[PDB]
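A.B. asks: 3D, please:
(chains A, B, C, D and E, ligands or ions: 7)
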Amino acid sequence: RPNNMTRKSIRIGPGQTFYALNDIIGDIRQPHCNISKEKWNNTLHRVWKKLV
Amino acid sequence: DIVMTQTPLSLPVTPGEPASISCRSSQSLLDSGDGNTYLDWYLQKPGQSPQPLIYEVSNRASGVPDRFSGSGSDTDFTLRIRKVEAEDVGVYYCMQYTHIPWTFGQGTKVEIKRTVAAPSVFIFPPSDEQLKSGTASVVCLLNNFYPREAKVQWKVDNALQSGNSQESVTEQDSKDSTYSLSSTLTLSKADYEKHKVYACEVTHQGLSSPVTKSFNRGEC
Amino acid sequence: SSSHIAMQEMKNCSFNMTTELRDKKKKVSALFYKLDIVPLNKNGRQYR
Amino acid sequence: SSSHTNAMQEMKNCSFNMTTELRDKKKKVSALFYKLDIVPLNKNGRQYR
Amino acid sequence: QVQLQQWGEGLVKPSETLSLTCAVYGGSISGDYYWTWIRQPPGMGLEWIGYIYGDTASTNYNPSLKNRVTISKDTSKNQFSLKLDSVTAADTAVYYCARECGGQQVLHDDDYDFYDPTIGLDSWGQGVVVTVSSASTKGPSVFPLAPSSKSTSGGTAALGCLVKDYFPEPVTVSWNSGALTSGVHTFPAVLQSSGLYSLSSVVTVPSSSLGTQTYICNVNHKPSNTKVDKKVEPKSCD
Ligand SMILES: *[C@@H]1O[C@H](CO)[C@@H](O[C@@H]2O[C@H](CO)[C@@H](O[C@@H]3O[C@H](CO[C@H]4O[C@H](CO)[C@@H](O)[C@H](O)[C@@H]4O)[C@@H](O)[C@H](O[C@H]4O[C@H](CO)[C@@H](O)[C@H](O)[C@@H]4O[C@H]4O[C@H](CO)[C@@H](O)[C@H](O)[C@@H]4O)[C@@H]3O)[C@H](O)[C@H]2NC(C)=O)[C@H](O)[C@H]1NC(C)=O
Ligand SMILES: *[C@@H]1O[C@H](CO)[C@@H](O[C@@H]2O[C@H](CO)[C@@H](O[C@@H]3O[C@H](CO[C@H]4O[C@H](CO)[C@@H](O)[C@H](O)[C@@H]4O)[C@@H](O)[C@H](O[C@H]4O[C@H](CO)[C@@H](O)[C@H](O)[C@@H]4O)[C@@H]3O)[C@H](O)[C@H]2NC(C)=O)[C@H](O)[C@H]1NC(C)=O
Ligand SMILES: *[C@@H]1O[C@H](CO)[C@@H](O[C@@H]2O[C@H](CO)[C@@H](O[C@@H]3O[C@H](CO)[C@@H](O)[C@H](O)[C@@H]3O)[C@H](O)[C@H]2NC(C)=O)[C@H](O)[C@H]1NC(C)=O
Ligand SMILES: *[C@@H]1O[C@H](CO)[C@@H](O[C@@H]2O[C@H](CO)[C@@H](O[C@@H]3O[C@H](CO)[C@@H](O)[C@H](O)[C@@H]3O)[C@H](O)[C@H]2NC(C)=O)[C@H](O)[C@H]1NC(C)=O
Ligand SMILES: *[C@@H]1O[C@H](CO)[C@@H](O[C@@H]2O[C@H](CO)[C@@H](O)[C@H](O)[C@H]2NC(C)=O)[C@H](O)[C@H]1NC(C)=O
Ligand SMILES: *[C@@H]1O[C@H](CO)[C@@H](O)[C@H](O)[C@H]1NC(C)=O
Ligand SMILES: *[C@@H]1O[C@H](CO)[C@@H](O)[C@H](O)[C@H]1NC(C)=O
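C.D. replies: Residues are numbered from 1 along each chain as shown, chains lettered A, B, ... in the order given. Ligands and ions are numbered 1, 2, ... in the order given. See the structure here:
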């Protein structure tokens, strides 16, 4: 998750706090996951062979 | 009295880049009576009344763009401008009102950052009409320079002066983002006529070596 | 506020909530993902 | 009280709205509280908690 | 929000009493509002003077000035005023009247009793310049900052007018009745040890136009009602 986020405390009631989201530091960049293309292709090929 | 420290005292920022202002308090601002953190941010644009920016740490004011956004828990507070624009130039104050008295911060002067430019120096000897008045003032004018820092030293026949020159700086120009400085040296009549050579020496980042402009009295 | 998926993914939101005393409501605000809020009416101003 | 006019600052007379058996009705009740168990809300010294 | 229009006497003698008034339009002065006075010394940061509560008469003051400040309100006229006694030179500043929304607004026929809008100083006055000086109003003196060969750099010549020994602020300086605006710099005034003011209004023009274009500076001082038109020409090498 590339970006830093800032928290905020809001008093729900007696001794209760609700941590909400304040803002995003810097330009917004979407989160993502990286998987090696060759390794994943090999794994999918193997499971395809087994399914065949 | 809560002492409210603002850093930096000057924040030169080029439009399009983020800016961050930090403000610290000597005591926790979490009000014990009702649990609210009473810290506000205000922006005093050049020659205008202060205007509200942020209420109680994070709650944005009314009509304030989305780029402004504050934060902080109880002693370290931060105001962030996501994308500085040319209309965000001004002084930013962090005010606490948890404890009496309410104390403002020192004030961060946000300005526009541009390329370093060397000053153009001119000298204006006192005129004969001012000569008739019994007092004389010589001004050495620096025009369109950046950064605003500039050391002006008055030498009278190669003798440094002290406690006799007053410096005035205009605000940053809205067109070229350059400053203008003028230092004036005021002296009486025996003091004017007792010396011949008058010069103002300027020191600036944009100048490789100090530049001295001089005039000789009684000559053009 | 995005430079310009992740642009519409989030929403400013202002609401009223109970304080530590259950007789006073305080106007607070927060940032909510659009996946956590459902529009109430069709005018696109009130969510829950 | 009459004796107060004659450590009576140790207590305060606090009146507050209390919800009745019906959730849509409130009754202005009163009670006496020790000053050690109440703190001010504002600096005006009229409203406590 | 609320429009706050304030007036008062902006020029007080030392050891006298400064009396400023702030009028409220578009709202009621009776409520959960803290009517605040804040002053900004020339060149310094903001400083808090005090406030008066809207509902009750509870007033709080700056501890440094707690023995001189008195803030009162007039609900009938919807105005609140500041009185500052035994003023000194340290009391020169610009005074703003503000409003801080309190945290216990009274709610009518709602589920709750009170309401905290989470609002600070949302309304500000335009400010009143206050100068604590014993010097009497005086007319400005306009002197020609004549261009010369010493004030030329790359074919650009600098000229101007020096306005000195005037009181109080401000002075409006223009060139050629406002025709010339480019390159005009009016430096902020300064306060000497004599209690007067002086400033320089310079302008950069091409050197070739020195002898063809007539340069005149118009200096106006409203408090003393003085208008001086001074012509600036290169010094005559007689
Ligand atoms: C427990 O629960 C009770 C019951 O709900 C609750 O009591 C309520 O207290 C409030 C606060 O005192 C009372 O509100 C009063 O209402 C009127 C004005 O409101 C009228 O008009 C508005 C429209 O403008 C209507 O919406 C509303 O329904 C009313 O018709 C006044 O009596 C009071 O206001 C005056 O005094 C205030 C304080 O001085 C001022 O802020 C306000 O501006 C008004 O000033 C007037 O009087 C001043 C002198 O007193 C004078 O200087 C001014 O010029 C002006 O003439 C007040 O707002 C509300 O009615 C009460 N409810 C009942 C049923 O009586 C408690 O607050 C609650 N909590 C506790 C802890 O007990
Ligand atoms: C959090 O909690 C606060 C406090 O309760 C809420 O703020 C209230 O919000 C409501 C709804 O927006 C506000 O009511 C509006 O107020 C305005 C002024 O109206 C007053 O004055 C007129 C006479 O001029 C009266 O008729 C009216 O009853 C009010 O006394 C106007 O914007 C609105 O009235 C206009 O529109 C409506 C329909 O749109 C018409 O019926 C009216 O006749 C009139 O044309 C409306 O009444 C209320 O004032 C707010 N309270 C306070 C104390 O400010 C927040 O909304 C709530 N939620 C959030 C998310 O913050
Ligand atoms: C997952 O993989 C992607 C690529 O498929 C990564 O994105 C790429 O990250 C690199 C390294 O940060 C970026 O290069 C750099 O970008 C900027 C200029 O664009 C600058 O910092 C450097 O000069 C450098 O070029 C690259 O732009 C970026 N995007 C692409 C499309 O390649 C991503 O970081 C990976 N994520 C993880 C968690 O490993
Ligand atoms: C909930 O509210 C109560 C009541 O306001 C809070 O108690 C307060 O805690 C502060 C902590 O700083 C106390 O201040 C301290 O007081 C003395 C000197 O008076 C000394 O120990 C310290 O120098 C400091 O100033 C304050 O007195 C105290 N008030 C009472 C009535 O006990 C409490 O902290 C709040 N709790 C939370 C979790 O916020
Ligand atoms: C993923 O890996 C497999 C491994 O089998 C690759 O399969 C190739 O398939 C082509 C025809 O489609 C054959 O000519 C190649 O000999 C195969 N390669 C091997 C190593 O057996 C496949 O190309 C890879 N990539 C993708 C995108 O599927
Ligand atoms: C969120 O930010 C936008 C953009 O500045 C602003 O107009 C809006 O009022 C904010 N939302 C709320 C609920 O205040
Ligand atoms: C109680 O009330 C009486 C009558 O108003 C007053 O004289 C007296 O001082 C009060 N006593 C207190 C506040 O202790």
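A.B. asks: quick one: end-to-end distance for stretch E:146-162.
C.D. replies: End-to-end distance for stretch E:146-162: 10 Å, by C-alpha to C-alpha, to the nearest Å.
A.B. asks: ok, and for it, which residues are buried?
C.D. replies: E:146-148, E:150-151, E:157-162 (16 or more other C-beta atoms under 10 Å in any protein chain shown). C-beta coordinates here come from the backbone N, C-alpha and C atoms, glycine included.
A.B. asks: JSON lines for those, including secondary structure and distance to residue E:132?
C.D. replies: Converted to JSON lines, the buried residues of stretch E:146-162 look like this (DSSP: H, G, I helix; E, B strand; the rest coil; distance: C-beta to C-beta, whole Å):
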{"residue": "E:146", "secondary structure": "coil", "distance to residue E:132": "37"}
{"residue": "E:147", "secondary structure": "coil", "distance to residue E:132": "39"}
{"residue": "E:148", "secondary structure": "coil", "distance to residue E:132": "40"}
{"residue": "E:150", "secondary structure": "helix", "distance to residue E:132": "40"}
{"residue": "E:151", "secondary structure": "helix", "distance to residue E:132": "38"}
{"residue": "E:157", "secondary structure": "strand", "distance to residue E:132": "41"}
{"residue": "E:158", "secondary structure": "strand", "distance to residue E:132": "36"}
{"residue": "E:159", "secondary structure": "strand", "distance to residue E:132": "36"}
{"residue": "E:160", "secondary structure": "strand", "distance to residue E:132": "31"}
{"residue": "E:161", "secondary structure": "strand", "distance to residue E:132": "29"}
{"residue": "E:162", "secondary structure": "strand", "distance to residue E:132": "26"}
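A.B. asks: closest to residue E:205 among the residues you listed?
C.D. replies: residue E:157 (6.1 Å; C-beta to C-beta).
A.B. asks: what bridges to the closest one?
C.D. replies: Beta-bridge pairing of residue E:157 under DSSP bridges involves residue E:152, residue E:205.
A.B. asks: now do it against residue A:10, distance only.
C.D. replies: 64 Å (C-beta to C-beta, to the nearest Å).
A.B. asks: what do you get for residue E:144?
C.D. replies: The gap separating residue E:144 from residue A:10 is 66 Å, by C-beta to C-beta.
A.B. asks: these two - which one has more neighbours?
C.D. replies: More neighbours surround residue E:144 than the other of residue E:144 and residue A:10, with 22 against 17 (other C-beta atoms under 10 Å in any protein chain shown).
A.B. asks: pretty sure that one sits against residue B:129.
C.D. replies: Yes - assessed by C-beta atoms under 8 Å, residue E:144 is found in contact with residue B:129 at 6.9 Å.
A.B. asks: next up, the contacts around the spatially most central residue of chain E.
C.D. replies: For chain E, the residue nearest the mean C-alpha position is residue E:129 (3.9 Å; C-alpha atoms, centre = their mean). The contact partners of residue E:129, taken as C-beta atoms under 8 Å, 6 or more residues apart in numbering or on different chains, are E:10, E:94, E:169.
A.B. asks: mind checking which helix or strand it is in?
C.D. replies: strand E:128-132 (DSSP states H and E).
A.B. asks: and that strand, which strands flank it?
C.D. replies: With DSSP bridges as the test, strand E:128-132 pairs up with strand E:11-12 (parallel), strand E:93-101 (antiparallel).
A.B. asks: now for the next helix-or-strand element following the shortest one, which elements pack on it?
C.D. replies: The helix or strand immediately downstream of strand E:11-12 is strand E:18-25, counting by DSSP H and E. Packing contacts for strand E:18-25, counted by 3 or more C-beta pairs under 8 Å, 6 or more residues apart in numbering or on different chains; DSSP states H and E, involve strand E:3-8, strand E:33-40, strand E:79-84, strand E:93-101, strand E:128-132.
A.B. asks: turn those strands into JSON lines, including distance to residue E:72.
C.D. replies: JSON lines is the format used below for those (distance: least, C-beta to C-beta, whole Å):
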{"stretch": "strand E:3-8", "distance to residue E:72": "14"}
{"stretch": "strand E:33-40", "distance to residue E:72": "10"}
{"stretch": "strand E:79-84", "distance to residue E:72": "6"}
{"stretch": "strand E:93-101", "distance to residue E:72": "13"}
{"stretch": "strand E:128-132", "distance to residue E:72": "17"}
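A.B. asks: for those, which one sits closest to residue B:93?
C.D. replies: Short answer: strand E:33-40, nearest of the helices and strands packed on strand E:18-25 by C-beta to C-beta, at 9.8 Å.
A.B. asks: list the contacts of that closest one.
C.D. replies: B:50, E:20, E:22, E:29, E:46-54, E:71, E:73, E:80, E:82, E:91, E:93-102, E:121, E:127, E:130.
A.B. asks: and if we set it to 7 Å?
C.D. replies: Residues from elsewhere that reach strand E:33-40 (C-beta atoms under 7 Å, 6 or more residues apart in numbering or on different chains): E:29, E:46-54, E:71, E:73, E:80, E:82, E:93-102, E:121.
A.B. asks: contact partners for residue C:34?
C.D. replies: C:8-11.
A.B. asks: give me the three-state assignment for the residue in chain E that ligand 6 sits nearest to.
C.D. replies: Proximity of chain E to ligand 6 (C-beta to the nearest ligand atom) peaks at residue E:118, 11.4 Å away. Look at residue E:118: counting by DSSP: H, G, I helix; E, B strand; the rest coil, its state is coil.
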